Amino acid sequence: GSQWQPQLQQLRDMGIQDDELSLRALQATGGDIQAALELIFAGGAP
């Protein structure tokens with residue numbers, strides 16, 4: 158995941174406006190969306 162923007166777009170596809178949120182969940186995961194929704198779900202880390 159480079160810049161995580163394709164990943165942003167992965168959520169921007171679903172209608173997620175929380176880019177500020179997502180980018181951080183992305184940084185936390187390393188560049189995964191499916192894992193990001195879990196980081197987001199927990200709100201910090203598993």
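Numbering (my numbering), first residue to last: 158 to 203. Using N, Cα and C, we set each Cβ at its ideal position, and we do this for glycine too.
Reduced DSSP secondary structure (H/G/I, E/B, other) of residue i
| i | result |
| --- | --- |
| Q191 | helix |
| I173 | coil |
| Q166 | helix |
| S179 | helix |
| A202 | coil |
CB contact flag (residue i, residue j, <9 angstroms)
| i | j | result |
| --- | --- | --- |
| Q167 | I190 | yes |
| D176 | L165 | yes |
Euclidean distance between Cα positions of residue i and residue j
| i | j | result |
| --- | --- | --- |
| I197 | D170 | 17 angstroms |
| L178 | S159 | 17 angstroms |
| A202 | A185 | 8 angstroms |
Interface flag, residue i vs chain B, CB-CB below 9 angstroms
| i | result |
| --- | --- |
| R169 | Of the chains in the structure shown, none is chain B; there is only one protein chain. |
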